[PDB]
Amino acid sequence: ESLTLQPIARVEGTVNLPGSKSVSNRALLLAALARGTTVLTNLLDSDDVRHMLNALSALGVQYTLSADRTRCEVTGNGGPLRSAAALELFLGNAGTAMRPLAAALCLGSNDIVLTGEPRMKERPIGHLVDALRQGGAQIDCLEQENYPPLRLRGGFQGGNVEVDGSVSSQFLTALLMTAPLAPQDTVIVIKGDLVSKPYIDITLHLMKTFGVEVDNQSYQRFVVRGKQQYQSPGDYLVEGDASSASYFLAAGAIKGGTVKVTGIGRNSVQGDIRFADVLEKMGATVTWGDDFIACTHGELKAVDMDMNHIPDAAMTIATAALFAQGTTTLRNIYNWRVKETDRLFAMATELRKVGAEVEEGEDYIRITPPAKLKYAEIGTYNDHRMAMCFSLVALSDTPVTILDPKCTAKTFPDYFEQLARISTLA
């Protein structure tokens, strides 16, 4: 399957964003654990959220979904999830299901196997397993240490644990969400650097919404009290996805017009709102509201930036760079290599097909645009963001053909229709 995007002369309009994947999967898990019934509004319907919903169903969590799957009423368990069955749960390639559930299912005495798609068995989890085992959990890595599939037999108590923060923030996120329900207090020491720090902020905001605080000592040590229970907030509004927003804001920066996204704004908890600052640095004009961000085209110039704070939206800069004057350098993005695909390899390979010169560094990418873009069929590596990032090539005089366009469904099933709504073809 393939989708050819014809050249787009102008983009403009307003996009009502689908829900945030990151917020959706945290909110579902916390609602499942909490005391009380939580009503989630603007929940994302996408593969990663569906895998979480299916796992929660299999684990006995009671919830209802609206017809469009964006409103979800969760009856909280008031405690750790429990199953009497020797289940195997398939989690696709959803890190925000696999990592949080691997920790949560270490509470108690279940016997559950977590698995997923082939790529998920190549995505690291050992830093999380190590910390959970230090806290008393029984875990078997059925194929190889540091990777799924995992057999979880429970037993997490708490105590003094160390977690490496240098590969994924999700390991720390998973520990933080599980530790409050453990029988003992947990002190989490971060071994070295912490990547993707804004996602830790999301986790802490969500936990606070659900009635639980922790002592964050400069992102280097966390003190969590055990014996707690999450408390439903009642209604909870899931923010629009700021990573999904990046494509539309960039499209405005490149080929607007003014493109406005709604459902996020200056006070959002998602770190990817900071992507708009990069477009501003490149020369676009950005306007902020409490519930919108808008971007208007101006002449674009390349940037050289550390992107560790926005690793997902950073991919959008890599293709927006094709429209900027000069060489763009994106630094401190090593964990691109351990995500839906090796994104440093994939982005460099596909950028070259449209004519860019690319230096693929170990943990950075340097992109020098060609004078004129070339027509290419873009491989997407079963990676939603490869498809969405390369859609921007069509904001030029050259079409682009996106292979396997349905991979956008990991986070954004209707991406191409939403892009078309704001596009005027040349």
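Residue numbers here begin at 1 and follow the sequence given.
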**Asked** Is the mean CA B factor in the deposited entry higher across 119-127 or across 153-161?
**Response** 153-161
**Request:** May I ask you to compare 177-185 and 344-352 by their mean CA B factor in the entry and name the higher one?
**Result:** 177-185
**Item:** Selection by C-alpha B-factor (highest) of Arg69, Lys374, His384, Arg26
**Value:** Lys374
**Per the PDB entry, maximal CA B factor within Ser246, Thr287, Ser169, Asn93** = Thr287
**Fill in**
So, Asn308's CA B-factor, relative to its chain, sits in which third? The lowest
**Ranked C-alpha temperature factor of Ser196 among modelled chain residues, by third** = middle
**Request:** Divide the modelled residues of the chain into thirds by Cα B-factor and specify which third, lowest, middle or highest, holds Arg331.
**Result:** lowest
**Asked** Thinking about Cα B factors across the chain, which third does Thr316 belong to?
**Response** lowest
**Message:** Is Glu280 in the lowest, middle or highest third of its chain when residues are ranked by C-alpha B-factor?
**Reply:** highest
